[PDB]
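> Pasting the sequence and an experimental structure:
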Amino acid sequence: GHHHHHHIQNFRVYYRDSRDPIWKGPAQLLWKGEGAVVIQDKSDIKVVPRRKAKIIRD
Amino acid sequence: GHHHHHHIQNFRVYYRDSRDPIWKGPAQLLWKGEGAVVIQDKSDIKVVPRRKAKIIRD
Amino acid sequence: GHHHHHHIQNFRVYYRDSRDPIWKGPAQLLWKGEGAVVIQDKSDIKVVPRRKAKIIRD
Ligand code: NI
Ligand code: NI
């Protein structure tokens, strides 16, 4: 059914996908753990290695 | 696309949201991390720190 | 809102649904935690204990 993944308030994330060196974002933070991060960028929810993500506390 | 996050069977979760002292729930458990849990309450999927969550075995 | 959970590239997962002994899949891998994995099988996103999942790097 329809649902919404509420982001972790007061955080924004810049990230890189796979091997592309371009920074993407800012994006929302959904989860962090196991040396990885879950981000939501518009309608796309992606898993990114922690060192491929810059987390910023607004 | 359209999808459903199936809850972890035989568990319910009461949780505290943001700055409201009243407990919400019972909600579904989607994921149990070491420091936080992912819950689903109706169409809302939220990340709650373990200290603000009460996992019930039913 | 509408969104898509992008899978972790180059992984295929076979799994069992709790009691049912029949193997299901191939499914996409969304998250590999400690003790469990999150998989997507068409419209269903499920949490599977690690012992009940076979992750294949292809
Ligand atoms: Ni729709
Ligand atoms: Ni979803």
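Now that the structure is in, tell me what you want to look at. Numbers count the residues shown, from 1 in each chain, chains lettered A, B, ... in the order given. Ligands and ions are numbered 1, 2, ... in the order given.

> Spatially central residue in chain A, please.
Nearest to the mean C-alpha position of chain A, by CA atoms, centre = their mean, lies residue A:39 at 2.3 Å.

> Which residues are in contact with it?
Residues near residue A:39 by CB atoms under 8 Å, 6 or more residues apart in numbering or on different chains: A:13, A:15, A:25, A:27, A:28, A:29, A:30, A:45, A:46, A:48, A:53. For every residue, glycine as well, the C-beta is placed using N, CA and C.

> quick one: the second one and residue A:24 touch, right?
The reference is to residue A:15. Yes: with contacts counted by CB atoms under 8 Å, residue A:15 reaches residue A:24, the gap being 5.6 Å.

> Report the separation between residue A:18 and chain B.
To chain B, residue A:18 is 21 Å away according to CB to the nearest CB, to the nearest Å.

> how many other residues sit next to that residue?
Neighbour count for residue A:18, taken as other CB atoms under 10 Å in any protein chain shown: 8.

> State the three-state secondary structure for the nearest residue to it once chain neighbours are set aside.
Using CB to CB, 6 or more residues apart in numbering or on different chains and skipping residues adjacent in sequence, the residue nearest residue A:18 is residue C:9, 6.9 Å away. Under the three-state scheme (DSSP: H, G, I helix; E, B strand; the rest coil), residue C:9 adopts coil.

> Check the gap between residue C:9 and residue B:31 for me.
In this view, residue C:9 and residue B:31 are 21 Å apart by CB to CB, to the nearest Å.

> touching chain C at all, the longest strand belonging to chain A?
If you go by DSSP state E, chain A has its longest strand at strand A:24-33. Yes: against chain C, strand A:24-33 shows contacts by CB under 8 Å from any CB of the partner chain at residue A:33.

> sorry, back to before: burial count for the residue nearest to residue A:18?
10.

> Settle this for me: it is touching residue A:46, isn't it.
No: with contact defined as CB under 8 Å, residue C:9 does not reach residue A:46; the gap is 10.7 Å.

> From the opening residue of stretch A:42-56 to its closing one, how far?
One end of stretch A:42-56 to the other measures 18 Å (CA to CA, to the nearest Å).

> hmm, it touching chain C?
Yes: Stretch A:42-56 reaches chain C (CB under 8 Å from any CB) through A:43, A:44, A:45, A:46, A:47.
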